[PDB]
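Atoms considered below: every heavy atom in the structure, side chains included; atoms not considered: hydrogens, waters and symmetry mates. One is the number of the first residue; the rest follow in order along the sequence.
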Amino acid sequence: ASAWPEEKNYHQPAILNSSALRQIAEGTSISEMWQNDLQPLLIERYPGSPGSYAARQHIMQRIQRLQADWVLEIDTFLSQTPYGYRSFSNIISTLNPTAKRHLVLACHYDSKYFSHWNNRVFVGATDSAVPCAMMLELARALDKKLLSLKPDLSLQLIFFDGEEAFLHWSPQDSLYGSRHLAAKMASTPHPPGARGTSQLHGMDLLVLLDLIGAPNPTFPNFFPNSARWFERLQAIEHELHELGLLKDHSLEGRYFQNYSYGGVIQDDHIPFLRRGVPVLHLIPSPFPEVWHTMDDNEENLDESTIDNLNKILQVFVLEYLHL
Ligand SMILES: Cc1cncn1Cc1ccccc1
Ligand SMILES: [Zn+2]
């Protein structure tokens with residue numbers, strides 16, 4: 001049939017030079033991210049809540065003000081939960097929806113459901129309000145360079161709804177939005193008119209951000225087949241450090257360690273991984289100390305660590321896109 005689905009296997013980056021790295025490092029404002037992209041999301045936003053619709057409106061609005069031609073679809077669906085049927089809505093933002101291949105950035109925008117505890121409200125700053133904000137910032141910071149898109153490859157953002165369990169993590173109570181969107185893409189022909197290939201095939205690489213925002217994260221390399229792209233993240237961290245472009249950062253405590261994890265951490269990528277999508281899982285091990293506590297808030301975030309990772313990520317995306 002069609003073998004384009006193999007191009008991602010042979011795709012190679014266009015490594016940036018020191019002058020361009022500097023540019024990128026200069027091009028991203030951590031403090032504008034914090035005010036315009038991050039703070040509006042630090043609300044209770046479990047699926048079906050008022051905050052979910054708010055968070056959903058804020059993500060679409062911030063994406064809309066940008067010059068690049070983002071197409072936004074709200075993939076709304078119904079699914080059974082421990083509390084009955086409920087409605088969920090994934091946010092999908094795509095440049096050039098026609099192109100066969102797309103590099104995918106994503107995270108979950110729901111917050112785990114938890115009634116008030118000690119009069120406190122769970123807002124999951126690292127899980128995953130910050131990954132959401134890093135995605136919005138990457139799109140703003142790279143707006144002009146992405147506008148250049150009008151190799152048949154472009155960029156897609158996915159903000160999954162319903163990553164978290166409502167009552168008890170299990171295969172039927174978890175990954176609502178990603179289980180839905182992976183099965184939908186696996187059976188939607190791509191590109192338009194194709195007779196043998198799916199959108200799931202068009203996913204060049206799924207870069208899943210989760211649990212980012214704490215100090216000193218250590219990201220393992222999880223998969224033998226995306227290991228080379230993990231190595232680019234290592235390389236980019238190193239060079240930005242040597243060029244004085246990172247803050248409060250030591251090579252003794254670098255983010256992208258040279259160690260592998262022999263297993264898997266259940267997350268929104270599992271539905272795509274099982275169907276053969278390559279994944280770069282940017283989740284740290286161990287998890288933040290504030291994981292699933294009421295302390296996973298704004299005050300326990302580390303501003304420098306997010307700034308640094310924004311720069312590493314933005315470099316990675318431009319190098320993947322040859323921009
Ligand atoms: C990655 C994540 C973020 N929030 C929940 N998960 C899922 C999970 C993974 C391992 C153990 C418990 C729960
Ligand atoms: Zn969680």
Side-chain angles (χ1 to χ4, degrees), residues 34 37-56 58-59 79-83 86 88-91 106-135 158-180 207-220 222 255 261 263-271 273 279 281-303 305-306 309:
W34 207 279
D37 293 305
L38 170 58
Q39 247 153 15
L41 287 165
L42 297 167
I43 56 181
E44 186 172 17
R45 52 189 194 284
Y46 63 83
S49 74
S52 178
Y53 174 87
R56 188 154 64 255
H58 169 255
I59 291 158
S79 173
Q80 170 82 40
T81 86
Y83 296 114
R86 287 271 203 123
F88 302 84
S89 318
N90 297 319
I91 305 175
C107 77
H108 77 94
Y109 82 95
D110 62 309
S111 59
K112 179 169 181 78
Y113 166 75
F114 279 124
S115 73
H116 296 177
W117 212 78
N118 272 6
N119 220 48
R120 299 177 86 193
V121 180
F122 183 75
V123 292
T126 60
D127 181 25
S128 280
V130 159
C132 283
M134 302 168 61
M135 278 158 72
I158 304 169
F159 308 79
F160 291 109
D161 197 1
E163 185 267 9
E164 305 260 22
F166 271 99
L167 213 206
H168 242 69
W169 192 276
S170 77
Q172 37 271 339
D173 187 23
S174 65
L175 316 180
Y176 292 101
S178 58
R179 276 193 291 104
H180 171 85
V207 182
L208 180 61
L209 313 167
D210 204 348
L211 305 195
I212 300 177
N216 305 306
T218 47
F219 299 85
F222 289 101
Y255 307 146
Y261 196 83
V264 190
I265 302 175
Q266 278 268 305
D267 205 349
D268 283 326
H269 66 302
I270 294 290
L273 184 76
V279 179
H281 196 191
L282 301 191
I283 183 167
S285 170
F287 286 174
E289 223 111 30
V290 296
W291 187 76
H292 284 185
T293 84
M294 289 290 171
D295 283 317
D296 181 359
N297 59 24
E298 178 179 19
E299 18 281 282
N300 283 260
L301 298 187
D302 190 66
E303 180 193 280
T305 302
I306 300 161
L309 291 164

Rounded distance (nearest 0.5 Å) linking atom [atom1] of [X] with atom [atom2] of [Y]:
| X | Y | atom1 | atom2 | result |
| --- | --- | --- | --- | --- |
| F114 | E44 | CZ | CD | 11.0 Å |
| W291 | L211 | CH2 | CG | 8.0 Å |
| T305 | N216 | OG1 | CG | 6.5 Å |
| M134 | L38 | CE | CG | 11.0 Å |
| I306 | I212 | CD1 | CD1 | 9.0 Å |
| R179 | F160 | CZ | CZ | 12.0 Å |

Backbone N or O of [Y] within a donor-acceptor pair of the [X] side chain at under 3.5 Å?
| X | Y | answer |
| --- | --- | --- |
| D295 | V290 | no |
| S111 | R45 | yes |
| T218 | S285 | yes |
| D173 | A165 | no |
| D302 | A214 | no |
| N118 | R120 | no |
| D268 | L208 | no |

Q: Mind running side chain to side chain contact (heavy atoms under 4.5 Å, CB included) on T81 and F88 for me, showing each step along the way?
A: CA-CA 11 Å; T81 86; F88 302 84; 3.9 Å; yes
Minimum-distance pair of heavy atoms, taken over all atoms of [X] and [Y]:
| X | Y | value |
| --- | --- | --- |
| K112 | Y46 | C-CB, 4.5 Å |
| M294 | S115 | CE-O, 4.1 Å |
| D210 | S128 | OD1-OG, 2.7 Å |

Q: Under the side chain to side chain contact (heavy atoms under 4.5 Å, CB included) rule, what do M135 and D37 come out as? Steps first, then yes or no, please.
A: CA-CA 9 Å; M135 278 158 72; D37 293 305; over 6 Å; no
pair [X]-[Y]: side-chain heavy atoms closer than 4.5 Å:
| X | Y | value |
| --- | --- | --- |
| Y176 | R86 | no |
| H292 | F122 | yes |
| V123 | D296 | no |
| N297 | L42 | no |

Q: Start with the C-alpha gap between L41 and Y109, add the side-chain angles, then the distance that decides, and say whether side chain to side chain contact (heavy atoms under 4.5 Å, CB included) holds.
A: CA-CA 9 Å; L41 287 165; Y109 82 95; 5.7 Å; no
Q: Evaluate side chain to side chain donor-acceptor pair (under 3.5 Å) for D267 paired with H269, printing each intermediate quantity in order.
A: CA-CA 5 Å; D267 205 349; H269 66 302; 5.0 Å; no
(Q) Just by distance, no angles: are the side chains of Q172 and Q80 close enough, under 3.5 Å, to form a donor-acceptor pair? (A)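 On atom types as modelled, these side chains do not qualify, holding no pair under 3.5 Å.
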Q. Distance only, no hydrogens: is a donor on one side chain within 3.5 Å (strictly under) of an acceptor on the other, for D161 and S89?
A.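 No, no side-chain donor-acceptor pair sits under 3.5 Å.
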Q | Parallel, tilted or perpendicular: ring planes of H281 versus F222, cut at 30 and 60 degrees | A |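 Taking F222 first and then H281, their aromatic rings sit tilted (interplane angle of 30° to 60°).
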Q: Check the pair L301, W34 against side chain to side chain contact (heavy atoms under 4.5 Å, CB included), reporting the backbone distance first and the verdict last.
A: CA-CA 11 Å; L301 298 187; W34 207 279; 3.7 Å; yes
(Q) Counting only heavy atoms from other residues, nucleotides and ligands, does the tally under 6.0 Å from CD of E289 exceed 12? (A)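 No, CD of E289 has 12 or fewer neighbouring heavy atoms, counting only those of other groups under 6.0 Å.
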